[PDB]
Amino acid sequence: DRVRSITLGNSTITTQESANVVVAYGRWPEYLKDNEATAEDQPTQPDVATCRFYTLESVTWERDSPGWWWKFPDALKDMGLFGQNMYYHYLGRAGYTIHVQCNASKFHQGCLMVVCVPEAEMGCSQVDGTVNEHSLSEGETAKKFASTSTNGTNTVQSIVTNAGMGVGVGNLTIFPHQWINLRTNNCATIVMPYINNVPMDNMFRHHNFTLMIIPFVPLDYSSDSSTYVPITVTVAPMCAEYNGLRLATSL
Amino acid sequence: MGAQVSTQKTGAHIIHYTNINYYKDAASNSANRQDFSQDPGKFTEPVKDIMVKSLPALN
Amino acid sequence: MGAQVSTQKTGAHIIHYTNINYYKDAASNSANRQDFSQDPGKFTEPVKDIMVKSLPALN
Amino acid sequence: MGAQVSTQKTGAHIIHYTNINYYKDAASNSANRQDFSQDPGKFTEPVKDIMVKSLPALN
Amino acid sequence: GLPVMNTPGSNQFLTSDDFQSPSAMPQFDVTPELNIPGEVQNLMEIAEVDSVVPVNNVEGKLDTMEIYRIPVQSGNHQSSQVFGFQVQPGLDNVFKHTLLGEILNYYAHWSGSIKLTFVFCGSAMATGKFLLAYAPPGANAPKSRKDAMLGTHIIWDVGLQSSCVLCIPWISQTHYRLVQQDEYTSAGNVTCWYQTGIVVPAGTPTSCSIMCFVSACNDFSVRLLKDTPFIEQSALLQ
Amino acid sequence: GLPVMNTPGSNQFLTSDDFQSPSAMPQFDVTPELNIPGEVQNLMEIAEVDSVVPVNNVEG
Amino acid sequence: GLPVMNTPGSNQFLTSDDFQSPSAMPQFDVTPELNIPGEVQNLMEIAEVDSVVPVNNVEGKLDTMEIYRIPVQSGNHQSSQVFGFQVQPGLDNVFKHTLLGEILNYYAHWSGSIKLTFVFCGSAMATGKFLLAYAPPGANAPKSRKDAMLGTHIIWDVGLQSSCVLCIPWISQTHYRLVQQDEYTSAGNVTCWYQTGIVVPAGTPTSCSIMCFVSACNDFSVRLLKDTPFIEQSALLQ
Amino acid sequence: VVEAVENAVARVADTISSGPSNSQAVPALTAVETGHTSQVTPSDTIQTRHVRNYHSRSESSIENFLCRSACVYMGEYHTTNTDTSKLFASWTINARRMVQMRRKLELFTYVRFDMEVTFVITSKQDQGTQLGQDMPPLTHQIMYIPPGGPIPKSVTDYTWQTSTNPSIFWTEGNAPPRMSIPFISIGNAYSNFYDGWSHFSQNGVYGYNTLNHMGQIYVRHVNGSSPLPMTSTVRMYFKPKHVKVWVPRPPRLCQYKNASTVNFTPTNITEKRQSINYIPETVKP
Amino acid sequence: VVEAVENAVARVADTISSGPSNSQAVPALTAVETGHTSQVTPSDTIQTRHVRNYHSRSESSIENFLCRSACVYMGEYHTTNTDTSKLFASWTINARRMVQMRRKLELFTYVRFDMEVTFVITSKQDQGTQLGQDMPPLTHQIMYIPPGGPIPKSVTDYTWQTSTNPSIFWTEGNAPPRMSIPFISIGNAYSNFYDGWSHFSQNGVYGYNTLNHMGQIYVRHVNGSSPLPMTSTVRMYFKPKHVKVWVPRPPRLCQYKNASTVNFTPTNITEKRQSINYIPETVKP
Ligand SMILES: CCCCCCCCCCCCC/C=C/[C@H](O)[C@H](N)CO
Ligand SMILES: CCCCCCCCCCCCC/C=C/[C@H](O)[C@H](N)CO
């Protein structure tokens, strides 16, 4: 009941302490069909060369950590053939399987929230100003929330209670989400379909969804337990499609 | 004359109304106030394996 | 068209009218002026044992 | 009463309307917006001998 | 022409009416409908989703995550109450900015049962039992475990299942209560007490925290729409 | 549009008329009806109840 | 009379409405209908007719026929590009006054595939091959035959059939693009290169010209009527 | 009695799936000299997927393209003046003075339809040193005169009796007047271009003004009033319906000059660019 | 012909009678880490009586929640002035300047509907030392311009011919004007939030202003009058109908700052109380 295995392409994930799997709105990923298509050229479907697990860089969960976020896509634009296909085409489409891992002993305590947010438009820490692209995303490196109000030009207002969006963070449960309670489980798994208002889109211009990881109960331990506790993310695209082949763009 | 007769909103514990469409576009029609459907499981129960609620959640 | 035809108030010693409902709520309908029921025994005869009125009340 | 009931313009992925004519002349009627015919070959293919489009045009 | 007569109400603009109106774009052709995931049909669907409650809303914590954490610890603390609050889902500070309270503040009347879920976030070696009690109105709030013992309550045992649900049932003399609650439409209170106590082995933290989620049951409804008092402006372009 | 003609009486307010009128609360959901004792249907029902007469209505 | 009530919109004049109206000439007898050749039923029918494109719209040629002629010649000119332009059928100077562009400028949204036909007007003894390429947007325009080789292209061989057709297919993330195109609704570019080169015998001219026609395919449509910016006046009587 | 009428919507063609090919069929090679436009699709030239297309060509039909009100004349007239001709407005009917409607109609050689005519009338108090009065609401009279009818000489001419001419009387503050007109021409269709003469010796009047001849419009105030001067403006709007058109033509390139002729000043084919290869860079950091 | 349509009302669930219990079924024990909300009722946790519940969730459906008129723009314009631009009003269409309607719409990520648009127009005599005149009733013109249309320069610009743009003419003293508008967007739905850029190099314009592009509105007086100055105010009201929405979001906590961005000032989670145990005494003599 607690064991799980997931296979995609030439990659496989096992786990012995999982809770369940969240299918975002009861909708599994799928390819675009004919009575919903607008673009006319025949699309390419690589199908094992792109649909497989890629692992990003880890972060260190310290006693005073506000939280982390990533933007998708553009966190996977340098990951093998998925990224190469992103560079050469005008239109792309894909769903995802996200898996978050964090293990600790039966003598530690803490609680993390793992949430996926579609169209997470963010605000600037200068009210009459605008954000730079660097402030929203550093590729495979995570951005970091703050515990107090922030200053600086072109940077995101990142105090963790407002989640960079002007809402109450305790309401983020309206989105697809799981929890990692250190006494209960050690991993979270979310399956996310393609969610947009058009059937396809350009993968450089538009961030489809943001992954947020926020500790609600801080990490705590006693006398001589282990101090280093990392968190790891692993994401696999699903049902990937591309249209509009031309010469490779450059940022 | 393409009339529609449907029931009015009343309480619980002569009650219908008639309507005619006059314009050629359906964007001119009145609001659709009498349709009451729901599907809450989309947001409250979005899990792969069904949870019975009389059984323990884990194990 | 969901019309209703009912009789008009007249005297004693061509007499009906038609009505259409236009609005979606029954709180928009006109008054109900032609219903004449009564139950006076609720206030004039509220006793447990029936009194015949030709017989003496007591004994 | 000589009413006409026809379908409204809608999209793809209760929808009809009624009309009455009041005037004695047809030049008083409303516009004819729901007729969509075509014959492009009159301007794009005005040739005597038919051209197959998979075969070469000449020879 | 046909003889007619105008009634009171002619030539007014009521902002909640429903009439037919001419189109300024005859025969416009709309974009086909796409089947996007996550379609919402009723606001009550949002109200049945749990959301975290800021129970620890005291001075100095209104802008930190500690506002969500209820503290508990080991030792003899049976006399100390854990928490208590009023049941006013649309008016009290504890509840008015959660998802349920946010939905309620667009309305004037509410009715139905409420769910409170409690989760224990200590180490896997901590054990303990708590008493969660709810008192209908008519008396003052209990000042001891013995008094609260007489209301509607559940005894929660911390184990491999980490979450307990206390349901507040609809006990009321009227069908609806006011979202802007007064003495007449009061609903009572909730309190928490130590049933046994928290016991831990050596090498484990001694202090821990509990969290609380709120949502609405499947008998819940609202009515009488109104504007919300949580948003405002001084001039246009805002 | 359809040709019409207004008659005397247009745009007046008679306090005993009976017309249809738009609702300022579309689709409001009313409280269910309760069966309370003592429902009155006609004023004559009150008139058939005896009541005491002040026959001795003299000064003092 | 019948009691009624007037709604908002009474007594206005909307210039796109459709109502019945009294005739100022009762029982007029119109002239019988004659069956004239060439009846038009849809504006798209005009859009599927080819028309010549002024590709060579450089300074000094805006009032001469040379604006329509693309020049080519023999010798080693593989490094030189023949032509290139953006795909903006209603906004770019190359396309806005052709029949298709003229029809589009009465509308706000367009969708569909486009046909470009190329005809070679050299002597019957000239031979050669050309590469015609189209690049969807997202990158800058190619600067060499090798880069343009990677897009959607056709290799045209000059022979007894004098005309080649390059079809631009509808590749877009939205169903419609704006006639007044911006960065968001861009569509890419077209370029031409020498695939082999032009070879001629003695006694023949060495320079030649190519012409280009544009038309719309059978999946093409427009919407959202508007006034055109190509006609104007300062006062009446014009 | 009710009668159901079924409307058929006409959507555009789908694209069919197509794979690789190596054969002798050459859909891409044509010959424009024939006068024939090639009917090729993307599926003949590339590999394509199957698409179900739901778009409709509804808003590009002639009826939807032409059935919209457009201004065709504006004029002014005073309540009091010392010229005797500035007290009423009059003109000859056509659609040649406002360029938008004219150019739109001139994409076709011949046209035939009915019309819906609307008038918009406004008034204003003339500038002066002494202002302020109490006038009743002004009333306006519009009379149409077919050719050969008697012409008014002033604002009190007997001809305003309008015994047989149709007229409209109107009061300010009400909805704009309107009436519909049938197809009235001695020919089988209206003619937008006429390459001919009025006289059998190939001289006289050239072109459009030979064939139109559709009467005049006169407009006056009815009150006969105004101790202090006032001015009114009348505007006319046309909307065609039940339309048919024949013989499409290339759209007008040069700007219009007058209402009687097709005269023009030579204009360029388009605007210039830097080079025959020039295309601007838009993907830059 | 008449056609009956049956409406199904959807009332809430009843509560079932329940007695004592002593078993291994544990409805009250759950695990929130799964992302699952518990579906328990009072009958699982206490003893209950049977109740027949007649309440309906009719007024919390999306259509009833959103179908109410709300103000979205207010503007002023004069009959006479020396600035030449204060004689007409104009703006770009959206629903982002008045906070109530904006916040209400922003509970959802994507929305699609038709609109009913109403205008409310009032006028007033400007303050001055010399008052008193006799003006006829004022008339107003409202013109909508889709993107790419010619823009008026003044109150006598030729562009007010409105040959193809839809316009409304209106006179003071009548009922407020109204018209309905269909769903007009090049996408499959309107977007309330857009986490992206306008340029393919990840710069340019950020967020909402990349996608809207729905034309402008212009409003003027028609009389061209007023010896003494006057001012008019126009207000616009929106009402959506035939609605569909997707992807709910948490409601806005911080106050709005401008109409182009989601920028905000950090705000508290709620307001404070004396203690985590504090609850006021209300039963006292
Ligand atoms: C009492 C008010 C009556 C108003 C009289 C308006 C009549 C207008 C004349 C009818 C003919 C107009 C029909 C169109 C004329 C031209 O043929 C077209 N503009 C194109 O040639
Ligand atoms: C002659 C008067 C015509 C009045 C013209 C009003 C047209 C208004 C523009 C139509 C589009 C409005 C529909 C709603 C726009 C936004 O998508 C929504 N506010 C939410 O995004």
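The deposited coordinates for this entry were obtained by cryo-EM, with a reported resolution of 2.32 Å.

Looking up chain F in the PDB entry gives the name Capsid protein VP3, with the organism given as Echovirus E11. This entry carries the title "Cryo-EM structure of full echovirus 11 particle at pH 7.4".

In the annotation of the PDB entry, chain B is listed under the name Capsid protein VP4 and assigned to Echovirus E11.

1. Quick notes on the overall build of chain F
Counting its regular elements, chain F contains one helix and one strand. In terms of overall dimensions, chain F is more spread out than a globule: its C-alpha atoms have a radius of gyration of 24 Å, far above the 10 Å expected for 60 residues. Burial status across chain F gives 13% buried among its 60 residues. Accessible surface for chain F amounts to roughly 5,100 Å². Of this, 58% is attributable to carbon and sulfur atoms.

2. Notes on the overall build of chain B
Helices and strands together make up the secondary structure of chain B, namely one helix and two strands. The helix and strand sequence of chain B, counted from the amino end, reads β-β-α. A compact globule built from 59 residues would reach a C-alpha radius of gyration of about 10 Å, whereas chain B, at 22 Å, exceeds it by more than 25%. Residues counted as buried form 49% of the 59 residues belonging to chain B. Measuring between centres, the 6 positive side-chain charges of chain B sit 6 Å from its 5 negative side-chain charges.

3. Comments concerning the interface of chain E and chain D
Taken together, the contacts link seven residues of chain E with seven residues of chain D. Of the roughly 550 Å² buried at the junction of chain E and chain D (both faces included), carbon and sulfur atoms supply 56%. Broken down residue by residue, the surface that chain E buries against chain D is led by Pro26, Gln27 and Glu33 of chain E, which jointly contribute 67%. Here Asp29 of chain E makes a salt bridge to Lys9 of chain D, at a shortest N to O gap of 3.0 Å. Taken together, chain E and chain D are joined by two residue pairs in polar contact. Tallied by class, residues from the side of chain E that touches chain D come to four nonpolar, one polar and two charged.

4. Description of the site of ligand 1
Residues and elements named next belong to chain H. Every one of the 16 residues lining ligand 1 counts as a neighbour, but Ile93, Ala95, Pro166, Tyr190 and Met214 are closest to it. Alone, ligand 1 offers 600 Å² of accessible surface; in the complex the protein occludes 97% of this. Those elements giving two or more residues to the shell around ligand 1 turn out to be β6 (139–145), β7 (167–171) and β8 (178–181). Here the shell around ligand 1 is composed, by residue class, of 14 nonpolar, two polar and no charged.

5. A look at the site of ligand 2
Residue and element names in this part refer to chain I. Around ligand 2 sit 16 residues, and of these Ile93, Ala95, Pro166, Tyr190 and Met214 come closest. Alone, ligand 2 offers 590 Å² of accessible surface; in the complex the protein occludes 97% of this. Elements supplying a minimum of two residues to the shell around ligand 2: β6 (139–145), β7 (167–171) and β8 (178–181). For the shell around ligand 2, the class distribution of residues is 14 nonpolar, two polar and no charged.

6. Description of the side chain of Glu48 of chain E
Note that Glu48 of chain E resides in the loop between α1 (44–47) and β3 (51–52). With near-sequence residues (within four places) excluded, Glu48 of chain E lies in contact with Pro40 and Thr44 of chain B, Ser215, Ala216 and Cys217 of chain E together with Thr37 and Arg57 of chain I.

7. Things to note about the interface of chain E and chain I
Contact residues are listed per partner, giving 98 residues for chain E and 90 residues for chain I. Here chain E packs against chain I, burying approximately 8,300 Å² in sum over the two surfaces, 58% of which is carbon and sulfur. Considering only the surface of chain E that becomes buried against chain I, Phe13, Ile231 and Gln238 of chain E emerge as the three largest contributors, covering 9% of it. Along the contact surface separating chain E from chain I lie six salt bridges. The shortest N-O distance in the salt bridge between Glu102 of chain E and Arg103 of chain I comes to 2.6 Å.

8. So, the packing of aromatic side chains
The final tally for this structure, using the stated rule, is 40 aromatic pairs over all chains. Taking 6.0 Å as the distance between ring centres and 15 degrees as the angle between the ring planes, the aromatic pair formed by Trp110 of chain E and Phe220 of chain E counts as stacked. Placement of the pair is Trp110 of chain E in strand β6 (residues 107–111) and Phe220 of chain E in the loop between β13 (207–216) and β14 (221–225), with a sequence separation of 110 residues. Taken individually, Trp110 of chain E and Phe220 of chain E each receive the classification buried, so the pair is uniform in this respect. Between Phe83 of chain G and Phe85 of chain G the ring centres are 5.4 Å apart and the planes differ by 10 degrees, which places this aromatic pair in the stacked class. For the pair shown, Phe83 of chain G and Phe85 of chain G are each scored as buried.

9. Some points on the sheet that holds strand β1 (residues 3–7) of chain D
The three strands are arranged β2(D)-β1(D)-β1(H) in an open sheet whose pairing can be described as mixed. This sheet does not close on itself; its edge strands, each paired only once, are β2 (16–19) of chain D together with β1 (2–5) of chain H. If you compare each strand with its neighbour and ignore which way they point, the axes differ by 25 degrees on average.

10. Regarding the arrangement of the chains
With respect to C-alpha atoms, chain A approaches chain C no nearer than 34 Å, and the pair has no contact. The least C-alpha distance between chain F and chain H, which are not in contact, is 11 Å.

11. Notes on the side chain of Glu102 of chain G
Residue placement: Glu102 of chain G occurs in helix α2 (residues 99–104). Not counting residues up to four positions away in its chain, the partners in contact with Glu102 of chain G are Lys96, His97 and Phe230 of chain G together with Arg103 and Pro251 of chain H.

12. A word on the sheet that holds strand β12 (residues 189–194) of chain E
Note on sheets: strands pair through backbone hydrogen bonds, and any given pair is parallel or antiparallel. All names here are of chain E. Ordered in space as β5-β12-β8-β9, the four strands form an open sheet in which the pairing is antiparallel. Single-partner strands in this sheet number two, and they are β5 (83–86) and β9 (152–157). On average, each strand axis in the sheet is inclined to that of its neighbour by 15 degrees, with strand direction left out of account. As judged from the six bridges shared by strand β8 (residues 129–135) and β9, these two strands associate in the antiparallel manner. From the neighbouring strand, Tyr134 faces β9, where its bridge partner is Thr152.

13. Description of a nonpolar patch on the surface
Where nonpolar side chains cluster on the molecular surface, the patch consists of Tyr22 of chain C, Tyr22 of chain D, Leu2 of chain E, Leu2 and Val4 of chain F together with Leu2 and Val4 of chain G and spans about 620 Å² of accessible area. Along the chain, the position of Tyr22 of chain C falls in the loop between β2 (16–19) and α1 (41–44). The class of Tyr22 of chain C is partly exposed, set by a relative accessible area of 45%.

14. Thoughts on the environment of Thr156 of chain I
Residue and element names in this part refer to chain I. Summarising the element assignment, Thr156 is placed in the loop between β6 and β7. Using a relative accessible area of 68% as the deciding quantity, one classes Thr156 as exposed. Separated by 62 residues in the primary sequence, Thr156 and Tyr218 have C-alpha atoms spaced 13 Å apart.

15. Here we look at helix α1 (residues 80–88) of chain A
All names here are of chain A. All of the buried residues in α1 are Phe82, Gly83, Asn85 and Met86. Buried residues of α1 fall within an arc of 160 degrees about the axis and therefore sit on the same side. Buried positions along α1 lie against β4 (54–55), β7 (89–101) and β13 (230–245).

16. A word on the pattern of salt bridges
It is possible for side chains of opposite charge to pair when their charged atoms get near one another. On inspection of all chains with the given rule, the structure shows 41 salt bridges over all chains. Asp44 of chain H is the partner of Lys53 of chain D in a salt bridge, and the nearest nitrogen-oxygen pair spans 2.8 Å. Note that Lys53 of chain D is positioned in the segment after α1 (41–44) and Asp44 of chain H in helix α1 (residues 42–45), a pairing that runs across two chains. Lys53 of chain D gets classed as partly exposed once you look at its relative accessible area, which sits at 32%. Because the salt bridges share partners, they merge into one network encompassing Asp17 of chain E together with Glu116, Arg178 and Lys239 of chain I.

17. A look at unusual backbone geometry
The omega angle of the peptide bond from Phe72 of chain A to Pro73 of chain A is -5 degrees, so this bond is cis rather than trans. Even without a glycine there, the phi angle at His213 of chain I is positive, about 45 degrees. As for its position among the elements, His213 of chain I is in the loop between β11 (203–206) and β12 (216–221).

The rules behind the values
- Residues numbered from 1 in each chain as written, not as in the entry; some residues may be left out.
- Chains lettered and ligands numbered in written order.
- Part of a larger assembly, values for the part shown.
- Heavy atoms only, no water.
- Helix = DSSP H or I, 4+ residues; strand = E, 2+ residues; numbered from the N terminus.
- Rg over C-alpha atoms; globule rule 2.2 N^0.38 Å.
- Buried < 20%, exposed > 50% of the residue type's maximum accessible area, 1.4 Å probe, protein only.
- Areas by Shrake-Rupley, 256 points an atom, 1.4 Å probe, with all protein chains shown as cover.
- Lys, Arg positive; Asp, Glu negative; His and termini not counted.
- Charge placed at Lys NZ, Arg CZ, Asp CG, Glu CD.
- Contact = heavy atoms within 4.5 Å.
- Buried area = accessible area lost by both parts, 1.4 Å probe.
- Salt bridge = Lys/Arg side-chain N within 4 Å of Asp/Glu carboxyl O.
- Polar contact = N/O pair within 3.5 Å; in protein donor to acceptor, adjacent residues only side chain to side chain.
- Nonpolar A, V, L, I, M, F, W, Y, C, P; charged D, E, K, R; others polar.
- Near = heavy atom within 4 Å.
- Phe/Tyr/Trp six-rings, centres within 6.5 Å; stacked < 30°, edge-to-face > 60°.
- Pairing = 2+ DSSP bridges.
- Axes fitted to C-alpha atoms, helices over the stretch in contact; angles between N-to-C directions.
- Patch = residues over 30% accessible without salt bridge, like charges linked within 9 Å, V, L, I, M, F, W, Y side chains within 5 Å.
- Arc of directions from axis to C-beta.

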